[PDB]
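Right, one structure below, let's go through it.
Below, read A as the first sequence line, B as the second, and so on, with proteins coming before strands; counting in each chain starts at 1. Every heavy atom of this structure was used, including side-chain atoms; hydrogens, water molecules and symmetry mates were not.
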Amino acid sequence: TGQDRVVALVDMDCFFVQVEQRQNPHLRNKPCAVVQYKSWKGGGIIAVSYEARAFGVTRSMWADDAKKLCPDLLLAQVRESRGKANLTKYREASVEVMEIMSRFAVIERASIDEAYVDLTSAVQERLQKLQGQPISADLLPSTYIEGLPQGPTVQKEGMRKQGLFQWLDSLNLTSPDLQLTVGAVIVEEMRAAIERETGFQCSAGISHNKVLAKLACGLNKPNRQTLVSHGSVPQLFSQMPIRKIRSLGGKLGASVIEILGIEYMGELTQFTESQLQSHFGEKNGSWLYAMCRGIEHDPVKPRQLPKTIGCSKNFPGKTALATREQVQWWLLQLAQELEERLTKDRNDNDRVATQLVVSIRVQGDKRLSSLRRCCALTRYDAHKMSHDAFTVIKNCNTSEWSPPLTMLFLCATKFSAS
DNA sequence: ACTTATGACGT
DNA sequence: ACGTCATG
Ligand SMILES: Nc1ncnc2c1ncn2[C@H]1C[C@H](O)[C@@H](COP(=O)(O)NP(=O)(O)OP(=O)(O)O)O1
Ligand SMILES: [Mg+2]
Ligand SMILES: [Mg+2]
């Protein structure tokens, strides 16, 4: 019934903003965004504080536009090195967080600001230690129970406590429900440890799988955690849009909506697994049939380290690189940042990348990557990497350079122990 | 002219 | 191996 494991998803609240606000006290408790490349339209927003969201400011907005919605908006710029954005500060901030999470349980780095946790084992330990002890409300100061309260509240904290009381009073409530509660107690502790040790606040979702735990985390932001039990799923999914569920945000979800003629996740229950398979594939049908019943089996991978390391730049419109000299210069600029990142990787993580991937895009092409080619990554030399990368894409030139290049991408892959 | 990184799947 | 999809 997918009530076998306890899985959590922890996600930092407006991460890049918190990172800047910690370092610059002035930006704290104020409408705040983080931008990059100020020259064109004040730059592009990649992170918005909650105060700034009250005014309607969103990521992928122009800073000049954001200022129109929010006159008093404070802006922080991404560091620029070698003529491109540099995310080093946010990656180091990430490492602090990932390290604190590691002490509690085994984690899967899902993004720079979020990881999954498997609390299944930890829950078992706590119960033996905690055996015969009731769970106090004090143990869950920031926990929301989805679907509660019900029955017999005007303030949001009042609703939270009321729901928490009903759930705790029942714990009536099964063995898998008790495990989620202990799972959540542990998440309270882990979240408190993050803020105390780094100054960063965050939200969390606690459930039986990664899809639900991720959905749960969203429900109460920021600085709150949410438990989505097995029993809540039917009511929660019933009015829940398909696009909301992870991996249904793009084309597949659209085709499910278009083919099946439904709009909510719950509506999938009526169809047989075979029906779903025939429409959307064997792998997807099977996945859909279980997910709408709240059952998901993807494992929490024990991976704290990124599989791959890469850098890229985009040369939109006029700025597009139409000469051999420019292509050579930016590969070198990219290869140089890559070398710094790669060297650090070896010292911290005892591993080396064996392959190098070059991806490029050209004018008139929609696709993120027009093409990609690879070659051997034998040495961490920016000049060699840049020179080799030129060699594997040099043919690409139809011609000077034609067509001019929209983007350059260099990626390191295939790391091995050492 | 929403950029810059990531991971997984299909074939 | 190379393209594509999905996500942050
Ligand atoms: N499309 C994008 N392009 C570039 N950088 C991005 C990005 N999306 C996110 N980032 C960077 C900047 C972001 O701060 C960060 C975290 O990812 P989120 O969790 O998706 N968003 P946040 O933590 O800001 O807040 P909250 O979760 O509470 O809504 O990654
Ligand atoms: Mg976040
Ligand atoms: Mg996130």
Side-chain angles (χ1 to χ4, degrees), chain A residues 9-16 33-48 57-66 77-88 90-91 94 108-116 210-211 214 217-218 243-255 280-284 287 298-299 301 303 305-320 334 337-338 341 355-361 363 365-376 392-393 396 404 406-415:
Chain A
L9 184 269
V10 179
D11 180 280
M12 319 292 317
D13 298 337
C14 47
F15 191 49
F16 286 22
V34 166
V35 299
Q36 64 182 24
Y37 295 136
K38 264 232 118 226
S39 233
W40 172 278
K41 329 235 163 183
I45 315 260
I46 54 183
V48 191
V57 178
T58 63
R59 101 123 205 308
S60 103
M61 183 173 287
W62 294 119
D64 287 348
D65 298 340
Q77 282 166 166
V78 159
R79 180 187 315 167
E80 255 187 74
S81 324
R82 301 167 197 89
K84 73 178 299 288
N86 185 231
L87 304 183
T88 309
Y90 315 117
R91 298 190 174 105
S94 195
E108 176 180 354
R109 189 192 173 283
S111 93
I112 184 174
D113 87 310
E114 77 204 62
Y116 291 96
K210 291 161 56 161
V211 166
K214 199 215 183 326
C217 173
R243 72 165 162 276
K244 285 318 125 220
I245 276 74
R246 189 202 61 184
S247 76
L248 295 187
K251 297 165 142 114
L252 184 54
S255 69
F280 311 109
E282 166 184 317
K283 184 159 154 294
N284 288 336
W287 188 87
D298 196 12
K301 274 121 224 218
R303 203 156 53 43
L305 280 186
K307 270 206 164 127
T308 65
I309 307 184
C311 36
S312 56
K313 191 157 188 349
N314 275 35
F315 307 101
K318 16 208 44 286
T319 79
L334 285 179
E337 185 193 318
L338 200 58
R341 302 188 49 191
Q355 176 182 30
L356 175 91
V357 191
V358 189
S359 182
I360 71 171
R361 185 201 302 144
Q363 288 195 322
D365 186 347
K366 214 81 119 138
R367 295 120 26 116
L368 206 72
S369 142
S370 251
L371 153 95
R372 81 185 35 159
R373 289 296 167 73
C374 59
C375 62
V392 303
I393 63 101
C396 235
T406 313
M407 168 243 37
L408 302 181
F409 178 70
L410 281 186
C411 198
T413 35
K414 309 218 190 292
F415 304 78

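Distance A:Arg91 CZ to B:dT4 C1': 8 Å, rounded to the nearest Å. In this structure, the CD1 atom of A:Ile46 is 10 Å from the P atom of B:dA5, given to the nearest Å. Rounded to an integer number of Å, the gap from A:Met61 CE to B:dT3 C1' is 16 Å. Note: NZ (A:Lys318) to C1' (B:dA1) measures 11 Å, nearest angstrom. A:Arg109 has its CZ atom 7 Å from the P atom of B:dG7, to the nearest Å. Taking atom CZ on A:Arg361 and atom P on B:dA5, their separation rounds to 13 Å, with Å as the unit. Rounded to an integer number of Å, the gap from CZ of A:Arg246 to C1' of B:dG7 is 11 Å. A straight line from CG of A:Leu334 to P of B:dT3 spans 16 Å, rounded to a whole angstrom.
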Apply side-chain contact (heavy atoms from CB on, under 4.5 Å) to the pair A:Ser81 and A:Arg79, showing each step before the final yes or no.
-> CA-CA 7 Å; A:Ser81 324; A:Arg79 180 187 315 167; 3.9 Å; yes
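If you find the closest nucleotide of DNA chain B to A:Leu368 and to A:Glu108, the one lying nearer the 5' end belongs to A:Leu368. When the nearest nucleotides of DNA chain C are assigned to A:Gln355 and A:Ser369 by heavy-atom distance, the more 5′-ward of the two goes with A:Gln355. Take the nearest nucleotide of DNA chain B for A:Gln36 and for A:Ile309: the residue whose nucleotide is more 5' is A:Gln36.
Side-chain contact between A:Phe16 and A:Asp113 is absent, with no heavy atoms from C-beta onward closer than 4.5 Å. Between A:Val392 and A:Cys374 the shortest side-chain heavy-atom distance does not fall below 4.5 Å. Side-chain contact check for A:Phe280 versus A:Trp287: every heavy-atom pair is 4.5 Å or farther apart.
Among residues two or more places apart in sequence or in another chain, the salt bridge (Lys or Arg N to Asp or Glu O under 4.0 Å) test is passed with A:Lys301 by A:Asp298. Under the side-chain hydrogen bond (donor to acceptor under 3.5 Å, both in side chains) criterion, A:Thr88 pairs with A:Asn86, sequence neighbours left out.
If you run side chain to side chain contact (heavy atoms under 4.5 Å, CB included) between A:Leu410 and each of A:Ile360, A:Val357, A:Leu338, A:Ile309, only A:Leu338 comes through.
Across all strands, A:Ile112 comes closer than 4.0 Å to no nucleic acid atom at all (heavy-atom distances). Contacts of A:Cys411 with the nucleic acid, taken as non-hydrogen atoms under 4.0 Å apart, are absent. At a threshold of 4.0 angstrom between heavy atoms, the contacts of A:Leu371 are confined to the sugar-phosphate backbone, with no base atom among them. Residue A:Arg341 is in sugar-phosphate contact alone, with no base atom involved, counting any heavy-atom pair closer than 4.0 Å across all strands shown. Within 4.0 Å (heavy atoms only), A:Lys366 reaches no atom of the nucleic acid at all. Within 4.0 Å of A:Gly44, counting heavy atoms only, lies no atom of the nucleic acid at all. At a threshold of 4.0 angstrom between heavy atoms, the contacts of A:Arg367 are confined to the sugar-phosphate backbone, with no base atom among them.
Residue A:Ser312 places no side-chain N or O under 4.0 Å from the OP1 or OP2 atom of B:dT3. The side chain of A:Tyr37 contributes an N or O atom lying less than 4.0 Å from OP1 or OP2 of B:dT4.
First and last contacting nucleotides of DNA chain C toward chain A (any atom under 4.0 angstrom from a heavy atom, 5' to 3' order): C:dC2 to C:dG8.
Here B:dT4 is the nucleotide among B:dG10, B:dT4, B:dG7 with the atom lying nearest to any side-chain atom of A:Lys313. Taking the side chain of A:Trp62 as heavy atoms from C-beta on, and the options B:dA5, B:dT6, B:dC2, the nearest nucleotide is B:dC2. The side chain of A:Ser60 approaches B:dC2 more closely than any other nucleotide in the set B:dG7, B:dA5, B:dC2.
Rounded to a whole angstrom, the distance from the P atom of C:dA6 to that of B:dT4 is 23 Å. On the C1' atoms, B:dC2 is 14 Å away from C:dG8, given to the nearest whole Å.
Classification of A:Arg109 and A:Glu114 as a salt-bridged pair fails, no side-chain N sitting under 4.0 Å from a carboxylate O.
Residue A:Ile46 holds its CD1 atom at 11.5 Å from OG of A:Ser60, rounded to the nearest 0.5 Å.
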